[PDB]
Amino acid sequence: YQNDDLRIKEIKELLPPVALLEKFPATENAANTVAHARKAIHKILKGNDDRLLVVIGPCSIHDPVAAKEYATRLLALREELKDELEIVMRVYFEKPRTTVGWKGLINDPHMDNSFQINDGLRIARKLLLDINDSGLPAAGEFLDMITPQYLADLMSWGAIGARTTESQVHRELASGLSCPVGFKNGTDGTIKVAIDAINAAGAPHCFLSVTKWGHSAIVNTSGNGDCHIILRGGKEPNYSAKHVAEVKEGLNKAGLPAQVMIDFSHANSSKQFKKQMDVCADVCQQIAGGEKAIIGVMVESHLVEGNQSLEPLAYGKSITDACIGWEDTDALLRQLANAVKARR
Amino acid sequence: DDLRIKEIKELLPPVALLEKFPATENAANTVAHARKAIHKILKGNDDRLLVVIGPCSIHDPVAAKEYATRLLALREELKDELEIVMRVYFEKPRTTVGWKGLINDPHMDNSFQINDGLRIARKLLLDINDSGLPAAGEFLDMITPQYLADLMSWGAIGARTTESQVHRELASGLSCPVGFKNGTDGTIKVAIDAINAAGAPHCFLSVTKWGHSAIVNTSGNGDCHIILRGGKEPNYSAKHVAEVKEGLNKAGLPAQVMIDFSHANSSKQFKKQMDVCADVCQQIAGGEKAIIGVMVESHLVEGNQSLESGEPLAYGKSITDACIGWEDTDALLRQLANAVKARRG
Amino acid sequence: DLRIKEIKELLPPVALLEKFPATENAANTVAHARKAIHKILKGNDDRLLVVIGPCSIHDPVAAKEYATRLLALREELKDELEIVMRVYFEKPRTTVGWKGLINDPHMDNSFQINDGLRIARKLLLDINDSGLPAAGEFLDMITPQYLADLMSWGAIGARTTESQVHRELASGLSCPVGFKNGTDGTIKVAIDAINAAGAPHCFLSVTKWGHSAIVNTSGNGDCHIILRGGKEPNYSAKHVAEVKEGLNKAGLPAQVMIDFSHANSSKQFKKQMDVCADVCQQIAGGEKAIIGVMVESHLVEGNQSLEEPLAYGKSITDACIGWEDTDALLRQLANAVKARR
Amino acid sequence: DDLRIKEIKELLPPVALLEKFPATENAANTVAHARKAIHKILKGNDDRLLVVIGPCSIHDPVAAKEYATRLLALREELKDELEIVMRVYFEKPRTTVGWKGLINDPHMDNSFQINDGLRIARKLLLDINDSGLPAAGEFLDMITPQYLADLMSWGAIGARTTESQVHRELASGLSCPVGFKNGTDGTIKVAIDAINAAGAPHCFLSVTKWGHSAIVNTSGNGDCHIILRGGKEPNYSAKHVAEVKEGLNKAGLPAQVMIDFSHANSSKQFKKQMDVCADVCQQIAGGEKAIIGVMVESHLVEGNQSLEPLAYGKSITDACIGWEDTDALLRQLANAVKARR
Ligand SMILES: [Mn+2]
Ligand SMILES: [Mn+2]
Ligand SMILES: [Mn+2]
């Protein structure tokens, strides 16, 4: 075909989703974890449960061993604080970059630009399966249009990144997801695009997508009424009760339930991980004082605090954004459970 | 799984549309020559102006071909000064919801006859290119480009998707030049980052001409540039052009810009495109070399109309954004040509 | 794995169907002929089904000139004959050389199968669009999706009548299907095949999208035997009566199509005229079980070897009668059908 | 179009079965060794006998694994005289209609759960190979081979498909040796032709491991041999073996045969397999080096049953010898091998 493929270097074979679903099917326990966590979050979003959704874990997964260890520690906190918090592990292996960089465990699991994406999908699905099988629900970022078919059945909640909240193809994707979805405000703090995204994702759509068989097809979606905003900061943080009030009034003006998830990290801590503890103190004060609009928080936490460059790597340390460590993580979760107790 | 997926329906693979509607020799020629002419402008070796002009959206092949004949005659008449490419946009990004264009819903009745839309779209693109008129499109969808991209001489990544990794990846592998619009709030940096990302090779998941998903490796696309489309305020004036030139150079990129006369640069007021035109013409004729292109929303008949009314549609008139009509279009093209001649001295 | 040397891309059927869709005339031709052949197989029509044309197609130009000539005799003899043109692309062999128009359209072992499917479908479309129905041979489980909508009648080869995979295929074809007796002249494998093919089946098959899938068939009640000879010819009254008995003792209608060529002519193309004379005698004498015949026929008689330019309109596979004998043969059959009533 | 196609349902691609059920280290070695061993026998560089033995058809994985454990013992005990390979036949060719085997209908109830069939068949095949017992099957379907062939040590083309181009093409690209059965009427020629065709390279349409149709090119299979299985009369006697050794040379192939003790050789009477075994054992004992392998229909319990519930260990297709006769037969074979030595 003339005029075609000048800038396409190579085309390589990709396992279809059914190969990964057949090799790694959901166990009864894993399926039960997903189904109950989705239902619990739905109940929170409808305002029929005063517990707080807590999405917490590494910025990115690069080592499944450290991830399973983290998951085990977090599951104890989950069972302990279950009357106040719906704790969901952050399991992100699809990173959005400002220009170029490691896009995650799926795109390059060996972290060396070998781009063994078939291996990455196997590793990623096995890890998600093991975590859900242990009883801990998982949350992911939906950046790619094709990877969700391999993993979405093991996801109890999802986030559309700030860089794609305005994008029609991602609003389309959210409209057909089986889990609830958070939309981050814009990388410059724009709330309008996330409200538009929630309204768009709530409506039915018809668009082209790839099936479990690895074939493109026409898909029709129902619309996703389990979508909400995530406050992530802009040029300035936006977690204070002042910003919440403005965000609540905008949601209502737009006909949307006045509820928000607050990300303690990213632009809300100015990309310095220790200040997540500060945001926590502030957010706990709002909740404890009766703020019922705060239905969720997101925290970047790992076994070992800080970060490291892909430049021997340290264990349980982030290779992307800096995270809090486990002792801080333990205290942060109890603070929120206590703040939820007070609000009640 | 599939709780919110209502129905899944069969989709013709790209090779089916390619086999039914192959490029003629002259259509392939139109595309190859326009892509090369744009590359030459982008490298600084040609002092002509790229003009991407035509309907906000295609909804009627009949009016689109009548428009193309008129524009082709001016493309020929003004070719020493302008490289004229027709906007042939089959996909529209909506602020929230609405008609997504001819491919998604060709019958404009929410029947979503996408296989029909792909047939109509490629046939029209083939006819326009075969007449001698190159075509431009917005690359919004991740799967439709394999059906159409061999007939596109230039593509745009919209304001709402310039920051999106999968769109930057797509551009890194397209065979045509690509413009990146600034952010809907006016932010320049997202488009500069996009140019740099698109110029690098990538590895990502995509769909082949056989309709199967695959791993793809791109070489990177060096024929990318920024499109100024305004923000909270318009950004076409010399003060803004200067800041963007400096921002590109500081990022190691040639100081070159395409200026969209419409969208936020006209405050969505279609006749103000003529006012942007006057200002941009004065910049070009006064000596501004960085303005390598413009974009204009233009139809046979000015204004727009609504599909929601159920009234029979008027001929040659946009059902999306309001456009200038043919008479203004002719005048505007002659203004731009006169300005490019004056810039040469 | 280790005996698979290379895998190349193949256009899916839907690509050929989009490029070459059936015209209204073509679909009408296929519809009318399939119904007419059904009306004959059900005993409700007394005309003779004549499948006639080249042993194999290797040149679309000669094939369309042949179709023009045959169409004229189709129209003139329509009161007696249901004339269907033989549009076969290959000579099922063991290896020899040429592998057929689809496999090797350029006749040079380049195996440009994508080119061959385009050429083969376009020709079928043109012939049907002109009003002339087409008959084909099903030797492949994947080719049919690209061409079967343009076929009014199909044959299963003698080397595959016993194959479960080919009987499965027949059970889902939209056209009548003829099963040849065995290369040795046995009728049991073809009665067994008519029975298997009349039953529903479930099997794996490639769809129009080029993807394998599970398919269910209704079973094909429009199947019949083709008498093609064995060690000796088997077209005579003695053999027809003997096959009728086998068909009756099987629950199947006592009806045959007789191939004048292949083993029945002792592989001597001119002897097809001798078979014609005999069969015309059976038919004029009142034999109603002969519902159809098959004839290898081209513009120019005889055959030629593929090496260098080729003679126009002459087979590069088995030898055929030429047009002069073909016109006389068809008129003999028409006359015989008349005398039968 | 598709007016005889009732329904089209989704089918897992082979990569999906290959990913769920990958070959273990052990299973991979079982196949690698057994294929090498058969090649060495087929090249004349090993005096042992290839014994393809097991049920006519697998229909119960549980009974099949018990059988496999019993046969594996005899495989180790008799390893210096015999190279023993399980029959693990998942596909059965019918004379007309009937149960086509475990893959086509694993629940034996015309529900055609072919995705379940393929998971069942592959898991059983994988377990058997992992224990150390090589496996054999008939390659009948054109699409199922991609799901199983990496676990096959030896394959068979049935008598009703020996003449089929598509099956000879399939044979030319299989990574395992292939035996070709003589025609059902006993015709030897079709089988020699098939062996010649399969040793040659071919280009044809097939389905890949991703479930997509494609153009494939094969190298040719040199490890092919004839399988004598009777026709009108049995053809296992040294008279018939003589004629076949002669007919192979006349065609330029090695003079070596496999003898199937069942089907038309035992007149479809399973006890007669012991009589064929007596006769064939005397040919071996008497020095016949051409008999390189034998095929035997064996199950845990002799006889067969119709398809109410099913008796344990009894074939639901052709009648088989029971396990007591199987141990006896196998030791008869190993004894004659030590005699010929
Ligand atoms: Mn982060
Ligand atoms: Mn517009
Ligand atoms: Mn012939």
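Keep in mind that the numbers below use all heavy atoms, side chains included, and drop hydrogens, waters and symmetry copies. Every chain is numbered from 1, with letters handed out A, B, ... down the list of sequences.
For the pair D:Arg341 (side chain) and D:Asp47 (backbone), a donor-acceptor distance under 3.5 Å is absent. For the pair C:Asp104 (side chain) and C:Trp98 (backbone), a donor-acceptor distance under 3.5 Å is absent. Looking only at distances, a side-chain donor or acceptor of D:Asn249 sits under 3.5 Å from a matching main-chain atom of D:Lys245. C:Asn264 contributes a side-chain N or O that, together with a main-chain N or O of C:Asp259, makes up a donor-acceptor pair within less than 3.5 Å. At distances below 3.5 Å, at least one donor-acceptor pair connects side-chain atoms of C:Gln164 with backbone N or O atoms of D:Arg94. For the pair C:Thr160 (side chain) and C:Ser163 (backbone), a donor-acceptor distance under 3.5 Å is absent. Under the 3.5 Å distance criterion, the side-chain polar atoms of C:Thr161 are matched with a main-chain donor or acceptor of C:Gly157. A donor-acceptor pair under 3.5 Å is formed between the side chain of C:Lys314 and the backbone N or O of C:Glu301. Checking side-chain atoms of D:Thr218 against main-chain N and O of D:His202 turns up a donor-acceptor pair under 3.5 Å. Side chain of C:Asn303 to main chain of C:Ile316: no donor-acceptor pair is present (N/O by atom type, distance under 3.5 Å, no hydrogens or angles).
Minimum heavy-atom separation, C:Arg167 to C:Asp192: NH2-CB, 3.7 Å. Among all heavy-atom pairs drawn from D:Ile53 and D:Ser298, the shortest one is CG1-CB, 3.7 Å. Minimum heavy-atom separation, C:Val51 to C:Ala135: CG1-CB, 3.6 Å. The heavy-atom pair separating D:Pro177 from D:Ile38 by the smallest distance is CG-CG2, 3.6 Å. Nearest heavy-atom pair, D:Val88 versus D:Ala135, reported as atom, atom and distance to 0.1 Å: CG2-CB, 3.8 Å. Here the closest non-hydrogen pair linking C:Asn103 and D:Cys203 is OD1-O, 4.2 Å.
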> Checking side-chain contact (heavy atoms from CB on, under 4.5 Å) for the pair D:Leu50/D:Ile292: CA distance, chi angles, key distance, verdict?
Replying inline: CA-CA 6 Å; D:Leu50 170 65; D:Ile292 45 171; 5.9 Å; no
>> I'd like to know whether D:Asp223 forms a salt bridge (charged side-chain N to carboxylate O under 4.0 Å, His left out) with C:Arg3, so could you lay out the CA-CA distance, the side-chain angles of the two residues, the decisive distance to 0.1 Å, and finally the verdict.
In response: CA-CA 11 Å; D:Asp223 296 325; C:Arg3 287 199 171 90; 3.2 Å; yes
>> salt bridge (charged side-chain N to carboxylate O under 4.0 Å, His left out), that's the test. Do D:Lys36 and D:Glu83 meet it? Break it down for me.
In response: CA-CA 11 Å; D:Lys36 204 198 181 63; D:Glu83 175 72 25; over 6 Å; no
>> With side-chain contact (heavy atoms from CB on, under 4.5 Å) as the criterion, how do C:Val293 and C:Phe260 come out once you've worked through the C-alpha distance, each side chain's angles and the decisive distance to 0.1 Å?
In response: CA-CA 7 Å; C:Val293 303; C:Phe260 293 2; 3.5 Å; yes
> Given D:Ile321 and D:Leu329, is the side-chain contact (heavy atoms from CB on, under 4.5 Å) satisfied, shown in steps?
Replying inline: CA-CA 10 Å; D:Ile321 58 165; D:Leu329 175 138; 4.3 Å; yes
> Would C:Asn181 and C:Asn234 count as a side-chain contact (heavy atoms from CB on, under 4.5 Å) if you check the C-alpha gap in whole Å, the side-chain angles of each, and the deciding distance to 0.1 Å?
Replying inline: CA-CA 10 Å; C:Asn181 63 249; C:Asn234 64 5; 3.1 Å; yes
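Applying the ring-ring contact (aromatic ring centres under 6.0 Å, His included) criterion to D:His167, with sequence neighbours excluded, gives no partner residue.
Considering SG of D:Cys176 and CG of D:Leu151, their distance stands at 11.0 Å, rounded to 0.5 Å. Residue C:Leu2 holds its CG atom at 3.5 Å from OG of D:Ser175, rounded to the nearest 0.5 Å. The line from CE of D:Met142 to OG of D:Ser206 is 8.0 Å long, rounded to the nearest 0.5 Å. Here the CD1-CD1 distance, from D:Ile226 to D:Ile259, works out to 10.5 Å after rounding to the nearest 0.5 Å. The distance from atom CG of C:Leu227 to atom OH of C:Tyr235, rounded to the nearest 0.5 Å, is 12.5 Å. For the atom pair D:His240 NE2 and D:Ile188 CD1, the distance stands at 8.0 Å (nearest 0.5 Å).
Using a 4.0 Å cut-off between charged side-chain N and carboxylate O, D:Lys100 and D:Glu91 make no salt bridge. Using a cut-off of 4.0 Å between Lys/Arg side-chain N and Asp/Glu carboxylate O, D:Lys250 and D:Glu243 are scored as not salt-bridged.
Counting only heavy atoms from C-beta outward, the side chains of D:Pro145 and D:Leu170 approach each other to under 4.5 Å. Between D:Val166 and D:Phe204 the shortest side-chain heavy-atom distance does not fall below 4.5 Å. Looking at D:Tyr89 and D:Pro55, their side chains never come closer than 4.5 Å, going by heavy atoms from C-beta outward. With contacts defined as side-chain heavy-atom distances shorter than 4.5 Å, the pair C:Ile7/D:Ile215 does not qualify. You'll find the side chain of D:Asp46 reaches within 4.5 Å of the side chain of D:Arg48, heavy atoms only. Proximity of D:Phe139 to D:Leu174: side-chain heavy atoms (C-beta onward) are separated by under 4.5 Å at one or more points. Side-chain contact between D:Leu330 and D:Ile84 is present, with at least one heavy-atom pair separated by less than 4.5 Å. The side-chain heavy atoms of C:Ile113 and C:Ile102, taken from C-beta on, include a pair separated by under 4.5 Å.
In the model, C:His262 has no side-chain atom that pairs as donor or acceptor with a side-chain atom of C:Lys180 under 3.5 Å.
The only member of D:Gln273, D:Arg229, D:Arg87 that meets side chain to side chain contact (heavy atoms under 4.5 Å, CB included) when paired with D:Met295 is D:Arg87. Across C:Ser56, C:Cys55, C:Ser261, a single residue satisfies side chain to side chain contact (heavy atoms under 4.5 Å, CB included) together with C:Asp318, and that is C:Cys55. Exactly one residue among C:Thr186, C:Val189, C:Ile156 makes a side chain to side chain contact (heavy atoms under 4.5 Å, CB included) with C:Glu162. That residue is C:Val189.
Ring geometry, D:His225 versus D:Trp154: the interplanar angle falls under 30°, so the pair is classed parallel (tilted spans 30 to 60°).
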